[PDB]
Structure formats: C-alpha cells, structure tokens
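Report on the following structure.
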Amino acid sequence: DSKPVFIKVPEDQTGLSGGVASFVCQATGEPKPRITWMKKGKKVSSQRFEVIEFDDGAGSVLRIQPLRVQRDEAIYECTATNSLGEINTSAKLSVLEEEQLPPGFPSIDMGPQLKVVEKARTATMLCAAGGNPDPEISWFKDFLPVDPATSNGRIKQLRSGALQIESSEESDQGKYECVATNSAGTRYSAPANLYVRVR
C-alpha cells in the first residue's frame with residue numbers, strides 16, 4: 001500500500017488555434033489511483049473536450065480539439081487519488097492565432113501517411129518536422145501517447161522522429177498523429193491510419 005506518485009506530469013503547452021492539445025497525466029500507487037481533470041477548479045465536459053483513460057484509469061489524457069483562443073487558454077489541474085492520499089499538479093495552456101506564431105514555431109514538413117501492413121511485418125510511420133529550435137517528436141495512437149519504452153523493443157522511435165513497429169499485430173491498428181514540440185509551441189500532424197492486413 002502506498003500513496004499515489006506522479007510518473008507522468010503535464011507540462012505547460014502552447015498550441016495553435018484550430019489545432020490539438022493533449023495533457024497526459026499518470027501515477028502509480030496501491031491501490032491503483034484514479035485520475036481526474038479540472039479546468040479552473042471544475043471538472044471538464046465539452047464537445048471539444050475528450051478524456052481518454054489508460055493503465056486502468058491510473059493514466060489519463062485530456063485532449064482539446066479544435067483549440068479555441070478565447071475559451072481554452074487556462075490552467076488545467078490533474079489529480080491522482082487512492083484510499084491513502086491525493087496529489088495534484090497543474091499546467092497552463094496558451095493558444096496562439098496564426099499571426100502570433102513566432103518564426104521557429106514547429107512545422108510538419110512531411111506527415112505520416114496511410115499504411116497497410118502485412119501481419120507480423122514491420123511498419124514504419126514517418127514524421128519530418130521543422131522549426132527553431134529543432135522540435136522533439138512524440139506520437140499518439142487513437143488519442144493515447146505511444147510509449148516505445150514499454151514495448152520490449154518491438155516499437156521504437158527513430159532519431160528521424162519516425163515510429164518503427166516490428167512484427168505488426170492486430171493491436172497496432174489505429175490512427176497515428178505525430179506531434180512536434182518546441183519552446184515556441186506544439187503542432188500536430190494530420191492523423192494517418194495503420195491497417196494490419198492478412199498475409
């Protein structure tokens with residue numbers, strides 16, 4: 001038995017009007033903790049707001065789309081609770097209009113494209129991003145962060161930012177978004193489908 005401990009903490013994020021912003025929050029604990037989201041100290045609920053859980057509810061993603069300048073700029077609080085305790089952490093979201101975009105704001109030079117892969121073959125989703133400084137690349141699959149570290153080497157992210165999936169399986173099917181993040185902000189690629197076809 002132990003109090004919840006954050007192992008993924010949402011960071012401040014600067015997004016683009018009409019785009020997407022995801023906050024990820026995860027904790028460990030025994031019993032397994034539950035994650036709850038708040039905006040301005042109130043639980044979330046909108047047509048533009050989606051909450052996707054993972055890790056049996058010990059992980060959670062707040063996804064906002066499309067980002068709207070007026071209403072989405074706010075402080076979002078993540079709370080992790082079990083019978084032993086409660087912890088929390090907040091992050092600010094900023095949303096820029098197109099004309100407020102600094103010159104080095106990340107760009108999607110070449111996004112991932114639709115991919116049909118033979119079962120047990122290796123699939124590779126590409127993502128070439130630009131910007132100044134050089135952006136960091138992460139991936140979401142059906143709105144959830146892809147964590148290569150938990151795949152036992154089967155899934156890995158290349159230094160080009162590409163996601164390489166070996167021994168493709170039924171579960172690898174879904175829509176993949178690549179995300180480019182700078183000190184200037186975050187930009188999502190269009191989603192691309194990965195299908196697994198019978199050999």
Side-chain angles (χ1 to χ4, degrees), residues 6-16 18-28 52 54-55 59-65 67 78 89 91-96 98 101-197:
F6 283 130
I7 60 166
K8 293 187 175 189
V9 158
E11 306 187 4
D12 291 339
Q13 189 169 340
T14 301
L16 175 53
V20 186
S22 302
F23 291 110
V24 179
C25 184
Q26 190 181 8
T28 62
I52 327 94
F54 62 100
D55 187 20
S60 188
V61 177
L62 176 62
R63 178 188 179 101
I64 299 136
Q65 182 188 24
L67 289 169
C78 168
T89 194
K92 185 57 178 55
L93 177 60
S94 314
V95 188
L96 278 23
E98 179 68 33
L101 289 191
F105 193 86
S107 58
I108 302 291
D109 298 346
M110 183 68 59
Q113 291 181 356
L114 188 147
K115 170 67 181 173
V116 187
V117 65
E118 201 173 65
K119 184 187 166 190
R121 296 295 181 180
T122 73
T124 295
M125 305 298 287
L126 296 183
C127 183
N132 182 19
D134 204 12
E136 309 277 349
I137 304 281
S138 54
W139 291 83
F140 285 77
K141 175 193 175 300
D142 305 314
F143 301 174
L144 297 168
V146 183
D147 193 338
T150 78
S151 74
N152 293 266
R154 193 177 69 85
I155 302 177
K156 56 200 166 310
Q157 183 177 311
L158 306 189
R159 277 178 277 180
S160 66
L163 187 63
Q164 191 173 75
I165 309 167
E166 297 181 324
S167 312
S168 295
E169 308 167 0
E170 201 147 338
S171 76
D172 298 326
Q173 277 198 142
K175 61 182 178 300
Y176 291 72
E177 287 166 307
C178 95
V179 173
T181 299
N182 245 4
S183 65
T186 296
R187 193 194 289 265
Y188 279 57
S189 76
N193 287 100
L194 180 68
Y195 296 112
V196 185
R197 74 159 177 90

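Counting begins at 1 with the first residue of the sequence.
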Grab the two heavy atoms, one from [X] and one from [Y], that are nearest each other, plus how far apart they are.
| X | Y | result |
| --- | --- | --- |
| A129 | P135 | CB-CG, 3.8 Å |
| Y188 | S22 | OH-OG, 2.7 Å |
| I108 | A180 | CD1-CB, 4.4 Å |
| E11 | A91 | O-CB, 3.6 Å |
| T124 | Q164 | OG1-CG, 3.3 Å |

Say whether, by atom type as modelled, one donor and one acceptor occur between the side chain of [X] and the main chain of [Y] under 3.5 angstrom.
| X | Y | value |
| --- | --- | --- |
| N193 | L114 | no |
| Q65 | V20 | no |
| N182 | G104 | yes |
| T186 | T181 | no |
| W139 | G161 | yes |
| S168 | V196 | no |

Can you list everything that forms a side chain to side chain contact (heavy atoms under 4.5 Å, CB included) with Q26? Sequence neighbours excluded, please. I7, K8, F54, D55
Applying side chain to side chain contact (heavy atoms under 4.5 Å, CB included) to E170 and not counting sequence neighbours gives none
For residues [X] and [Y], determine if any side-chain heavy atom of one lies less than 4.5 Å from a side-chain heavy atom of the other.
| X | Y | value |
| --- | --- | --- |
| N132 | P103 | no |
| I165 | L194 | yes |
| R187 | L16 | yes |

Can you list, pair by pair, the side-chain donor-acceptor contacts under 3.5 Å of residues 144-155, counting residues two or more places apart and other chains?
| residue | atom | partner | partner atom | Å |
| --- | --- | --- | --- | --- |
| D147 | OD1 | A149 | N | 3.1 |
| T150 | OG1 | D147 | O | 3.1 |
| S151 | OG | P148 | O | 2.7 |
| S151 | OG | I155 | N | 2.9 |
| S151 | OG | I155 | O | 2.8 |
| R154 | NH1 | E166 | O | 2.9 |
| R154 | NH1 | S167 | O | 3.2 |
| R154 | NH1 | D172 | OD2 | 2.7 |
| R154 | NH2 | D172 | OD1 | 2.9 |
| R154 | NH2 | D172 | OD2 | 3.3 |

Measuring from atom [atom1] of [X] to atom [atom2] of [Y], what distance do you get when rounded to the nearest 0.5 angstrom?
| X | Y | atom1 | atom2 | value |
| --- | --- | --- | --- | --- |
| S189 | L126 | OG | CG | 11.0 Å |
| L158 | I137 | CG | CD1 | 11.5 Å |
| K119 | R197 | NZ | CZ | 12.5 Å |
| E177 | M125 | CD | CE | 10.5 Å |
| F143 | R63 | CZ | CZ | 4.0 Å |
| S94 | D12 | OG | CG | 7.5 Å |

If the condition is side-chain hydrogen bond (donor to acceptor under 3.5 Å, both in side chains), which residues does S107 pass it with, not counting sequence neighbours? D109
Before giving the answer on side chain to side chain contact (heavy atoms under 4.5 Å, CB included), spell out for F140 and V179 the whole-Å C-alpha distance, their side-chain angles and the decisive distance to 0.1 Å. CA-CA 8 Å; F140 285 77; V179 173; 3.9 Å; yes
Listed once per pair and sorted, the salt bridge (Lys or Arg N to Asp or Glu O under 4.0 Å) pairs that draw on residues 123-143, sequence neighbours left out: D142-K175
Suppose we screen for ring-ring contact (aromatic ring centres under 6.0 Å, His included). Which residues come up paired with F105, at least two apart in sequence or across chains? none
Tell me, with the steps shown, if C25 and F6 meet side chain to side chain contact (heavy atoms under 4.5 Å, CB included). CA-CA 8 Å; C25 184; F6 283 130; 3.4 Å; yes
